[PDB]
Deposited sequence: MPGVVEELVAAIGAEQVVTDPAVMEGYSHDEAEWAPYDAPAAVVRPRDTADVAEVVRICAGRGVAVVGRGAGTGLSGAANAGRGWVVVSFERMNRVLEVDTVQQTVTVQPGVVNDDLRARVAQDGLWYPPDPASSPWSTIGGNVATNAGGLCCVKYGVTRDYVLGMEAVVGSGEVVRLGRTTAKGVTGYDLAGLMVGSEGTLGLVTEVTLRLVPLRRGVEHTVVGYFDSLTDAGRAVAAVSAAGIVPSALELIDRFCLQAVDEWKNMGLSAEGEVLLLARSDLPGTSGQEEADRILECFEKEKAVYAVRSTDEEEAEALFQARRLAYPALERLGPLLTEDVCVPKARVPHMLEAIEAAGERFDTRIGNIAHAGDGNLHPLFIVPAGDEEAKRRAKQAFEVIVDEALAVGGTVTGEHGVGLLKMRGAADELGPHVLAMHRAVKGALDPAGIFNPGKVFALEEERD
């Protein structure tokens, strides 16, 4: 009967309990991730309301799962029987853009693009652009440490989180991190909150640092995954850093070309003036010493090839359920990793489509399961399970940006090992003594 206490705690129009308005709030876009009907879905208005839902929930042992827009692919925001889904959709204001400090102060509910458009008016820029930029929230991007296409040279969300206001413990509002451009005082707790996937506390206000408002595409029509890619084991080994570098295959494109060589490799270079034309002709030398049917300098605003890469996951989702994996391996092991994905596609008769942020060795293998073809659905799980077990042996990690959540919990336990898992339970026990903040995700308590 936690709902009666919540409505007496934070009004009656903040707490929603209708089970029909909850099926959309109890899961993200991760399919086969066990979710259930929660007890209540709270829509807090300010930090005080979150400080009450955490306080009510800490005295009862009721689980609290934060939720932004529910666009995760690992089930990180999925609810359980009796949980409380704190929806930050009402805290969606940008509270400041310090133009001289080059920082912005945002609430966890502001959408990624809504933030980028706002800071653009003041000549500042927020680099991290995850392929879900028009939908994901800053509160979600901070807890998952989401990365984008420009992470090659600009970094992930952690590279811009300066400080934050969180609700931790039994409901204490604390200020974490610095607000300046330098500061070592204490521990790096504001950083520990990044990538924690909401299992240590709810962020109710985030800072973030900005950069001034910083164009050459590269293109390359190639064939197999064994080759083609190998220009990524060469661009990093030979030619500088491309402002972007993706790896999408024709298999995903002719599913975007229906919804309004063989495997391409786009690259970018954003340098003003003559410094900048050479990055676009420096990023070519790697592309023709490797088969190369076409490969044209290009750079003709076309750009149409990068919207296709962004709409790679917005496609193949209305064509059936989509299972996605997200491994990140060393850049020198991308050629074999593409070999293992295509070889795992025949060991389990499943034709795995490949998209990848090739600029840092982060691959997104993806297979589309026919809502009627069963065995390809069950070989793919085993096929996507050998991919993670292979990416771990080459020296990579089970996830590169999407987070652990639920679907990558086992494989992640193998990477961290028994000793690191012991520290995870110890850390969460200190900052979440009641065990209410998204329990059983990333690691399993017990």
property	result
Deposited residues without C-alpha coordinates, grouped into stretches that follow sequence order	1-2, 217-219, 266-272, 314-315, 461-464
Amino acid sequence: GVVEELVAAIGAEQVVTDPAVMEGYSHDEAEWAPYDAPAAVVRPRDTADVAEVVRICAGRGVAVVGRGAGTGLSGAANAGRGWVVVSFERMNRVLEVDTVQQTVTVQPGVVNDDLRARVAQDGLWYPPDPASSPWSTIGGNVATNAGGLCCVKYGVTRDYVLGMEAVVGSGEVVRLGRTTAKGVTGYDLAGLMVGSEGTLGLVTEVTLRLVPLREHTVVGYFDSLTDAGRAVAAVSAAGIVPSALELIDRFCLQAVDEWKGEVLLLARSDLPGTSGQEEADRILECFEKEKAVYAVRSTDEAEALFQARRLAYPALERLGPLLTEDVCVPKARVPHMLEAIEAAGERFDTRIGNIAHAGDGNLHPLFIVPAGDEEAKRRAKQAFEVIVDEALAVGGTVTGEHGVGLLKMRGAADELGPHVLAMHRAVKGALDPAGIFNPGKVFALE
From here on, numbers count along this sequence of modelled residues.
| property | result |
| --- | --- |
| Average Cα temperature factor in the PDB entry - higher stretch of 360-368, 99-107 | 360-368 |
| Per the entry, higher mean C-alpha B factor between 417-425 and 378-386 | 378-386 |
| Candidate residues 286, 79, 206, 190, the one whose C-alpha B factor the record puts highest | 286 |
| Peak C-alpha temperature factor (PDB record), options 355, 305, 265, 143 | 305 |
| Assigned third (lowest, middle, highest) for the C-alpha B factor of residue 161 | lowest |
| Relative C-alpha B-factor of residue 179, binned into the chain's lowest, middle or highest third | lowest |
| Chain-wide C-alpha B factor ranking for residue 281, given as lowest, middle or highest third | highest |
| Among modelled residues of the same chain, the CA temperature factor third for residue 258 | highest |
| Chain thirds of CA B-factor: placement of residue 314 | highest |
